[PDB]
Amino acid sequence: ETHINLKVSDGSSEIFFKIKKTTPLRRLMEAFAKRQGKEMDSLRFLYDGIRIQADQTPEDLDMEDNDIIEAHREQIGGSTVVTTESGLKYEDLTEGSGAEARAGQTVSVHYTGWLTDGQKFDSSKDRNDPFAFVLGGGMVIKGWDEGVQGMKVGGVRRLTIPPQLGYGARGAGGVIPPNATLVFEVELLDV
Ligand SMILES: COCCOc1cc(OCCOC)cc(C(=O)NCCOC(=O)[C@@H]2CCCCN2S(=O)(=O)Cc2ccccc2)c1
C-alpha cells in the first residue's frame, strides 16, 4: 500500500484524510485548518505526543493506517481542562484580553455546537449571525450560563456540557438526542 488514511481530531470534531505515505504532512495540516476555520489560530499537530513538523511524512513517523493526529491551538502554560462542581467542563482555547462577562449582561458570541461523536448540530458562524443572550438569566442551557461567565472579550472557550446541564432527557431541535453531552466552542464578541 502506497497510501495511508489518517484522522485529525481537535477535541471538537474530526476530519479524515487519505494521502501518500511519502508525502509531507504539511498539506494535511493546512487542509484541516482551512476546513475547521482555524488557519489564523496557530494549530499544533501531535502524533504519539510529539509535535509534527510540516516536512515530515507518515513514513518518517512510522504511521500506520487509521492512525490519529491530535490538533490544538498552542496553549501557553499547557492545556488545562477545568471541571466545575456541577460537572461542567471548560477549556480556554484563547484567553480574551477584554472585559469579563458577568451575570446580567447582554453578551454576544459566535458558537458552534457538536455532539460527542463529532457531529455538528448548530453553528452561528454558518449563518454569519452572532448570538446574543442575557448571561445568567436562564434563557440558555445551564452549562452556558455557568460556562460563559468569566470569559473575556476576545476569548474562545470550549464547553463540555453534561446532559443535566443541557437538554436532558428531551433533546432538542430534532437533532440533539436524549441524554446528550454537548460540546461548544464559544467566542465572546462583546459584553
Ligand atoms: C422549534 O423548532 C425546532 C428547532 O428547534 C430549535 C432550534 C434552535 O436553533 C435554530 C436557530 O437557527 C436559526 C434552537 C432551539 C432552542 O431550544 N434554543 C434555546 C437556546 O439554545 C441554547 O440554549 C443553546 C445555547 C445557546 C446557543 C444556542 N443553543 S443550541 O444548543 O445550539 C440550540 C439548538 C440549535 C439547533 C438544534 C438544537 C438546539 C430549538
Side-chain angles (χ1 to χ4, degrees), residues 7-16 31-38 41 43 71-73 75 79-191:
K7 165 187 143 145
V8 180
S9 170
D10 60 5
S12 295
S13 197
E14 60 190 0
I15 310 186
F16 303 90
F32 178 87
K34 290 162 179 161
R35 187 61 183 184
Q36 294 307 113
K38 303 179 179 182
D41 292 321
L43 289 170
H72 63 78
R73 202 255 190 175
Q75 297 294 291
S79 170
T80 313
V81 183
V82 180
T83 304
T84 67
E85 180 67 47
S86 67
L88 172 74
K89 297 175 182 298
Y90 71 88
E91 187 182 348
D92 282 320
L93 308 183
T94 295
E95 171 155 358
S97 65
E100 185 179 331
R102 57 175 166 84
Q105 295 174 328
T106 301
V107 305
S108 183
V109 306
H110 260 319
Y111 73 90
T112 303
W114 300 265
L115 303 180
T116 55
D117 60 9
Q119 299 193 96
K120 168 180 315 175
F121 58 84
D122 194 56
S123 175
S124 69
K125 295 203 298 180
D126 296 345
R127 295 182 292 279
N128 193 38
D129 180 40
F131 175 79
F133 70 105
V134 186
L135 186 54
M139 305 292 119
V140 294
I141 54 183
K142 288 178 163 296
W144 267 60
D145 271 339
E146 180 183 356
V148 173
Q149 177 268 138
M151 291 186 68
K152 293 175 223 289
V153 173
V156 180
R157 177 170 287 182
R158 179 163 60 200
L159 306 176
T160 302
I161 305 178
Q164 80 277 5
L165 303 184
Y167 293 102
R170 195 174 298 283
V175 53
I176 296 179
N179 317 322
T181 295
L182 308 178
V183 174
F184 288 90
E185 282 180 24
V186 180
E187 177 180 351
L188 182 60
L189 302 170
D190 208 341
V191 296

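Read the numbers this way: they start at 1 and go in the same order the structure lists the ligands and their atoms. Counting begins at 1 with the first residue of the sequence.
By the 6.0 Å contact criterion, CG on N128 is open, its count of non-hydrogen atoms from other residues, nucleotides or ligands being 12 or less.
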How far apart are the C-alpha atoms of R157 and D92, what are their side-chain angles, what is the distance that settles it, and do they pass the salt bridge (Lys or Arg N to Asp or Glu O under 4.0 Å) test?
CA-CA 4 Å; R157 177 170 287 182; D92 282 320; 2.7 Å; yes

From CA spacing to verdict: side-chain contact (heavy atoms from CB on, under 4.5 Å), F16, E14:
CA-CA 7 Å; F16 303 90; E14 60 190 0; 3.9 Å; yes

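With a 4.0 Å cut-off on non-hydrogen atoms, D122 touches ligand 1 through its side chain and not its backbone.
Distance remark: protein heavy atom not present below 4.0 angstrom from atom 14 (C) of ligand 1. Note that atom 1 (C) of ligand 1 has no protein non-hydrogen atoms nearby, at separations under 4.0 angstrom. There is a protein heavy atom less than 4.0 angstrom from atom 32 (O) of ligand 1. Checking atom 38 (C) of ligand 1 against the protein gives a heavy-atom contact under 4.0 Å. Distance check for atom 17 (O) of ligand 1: a protein heavy atom is found below 4.0 Å. The protein reaches atom 22 (C) of ligand 1 closely, with a heavy atom under 4.0 angstrom from it. For atom 7 (C) of ligand 1, no protein non-hydrogen atom is found at a distance below 4.0 Å. Counting protein heavy atoms under 4.0 angstrom from atom 10 (C) of ligand 1 gives zero.
Between the side chain of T116 and the main chain of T181, no donor-acceptor pair closer than 3.5 Å is present. Between the side chain of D10 and the backbone N or O of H72, no donor-acceptor pair lies under 3.5 Å. Side-chain N or O atoms of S13 include one that pairs as donor or acceptor with a backbone N or O of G118 at under 3.5 Å. In terms of modelled atom types and a separation under 3.5 Å, the side chain of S123 and the main chain of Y111 share a donor-acceptor contact.
By the 4.0 Å heavy-atom criterion, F133 is excluded from the residues contacting ligand 1.
Below 4.0 Å from some heavy atom of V140 lie the following atoms of ligand 1, by number and element: 23 (O), 26 (C). Taking a cut-off of under 4.0 Å to the non-hydrogen atoms of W144, the atoms of ligand 1 that pass are 25 (C), 26 (C), 27 (C). Near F121, the atoms of ligand 1 lying under 4.0 angstrom from a non-hydrogen atom of the residue are 31 (O), 32 (O), 36 (C). Counting atoms of ligand 1 from 1 in the listed order, those under 4.0 Å from a heavy atom of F184 are 31 (O), 32 (O).
A distance of 6.0 Å or more separates the ring centres of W114 and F184.
If you check each of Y167, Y111, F131, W114 against atom 24 (C) of ligand 1, the one with the closest non-hydrogen atom is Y167.
A 4.5 Å side-chain heavy-atom check between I15 and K7 finds every atom pair outside the cut-off.
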Could you tabulate the donor-acceptor pairs under 3.5 Å formed by side-chain atoms of residues 96-105, not counting sequence neighbours?
unit_1 : atom_1 : unit_2 : atom_2 : d
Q105   : OE1    : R102   : N      : 3.0

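Of the candidates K38, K120, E185, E185 is the only one forming a side-chain hydrogen bond (donor to acceptor under 3.5 Å, both in side chains) with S12.
Protein heavy atom nearest atom 3 (C) of ligand 1, with residue, atom name and distance: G173 CA, 4.4 Å.
Annotation: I176 places no N or O atom under 3.5 Å from an N or O atom of ligand 1; distance criterion only.
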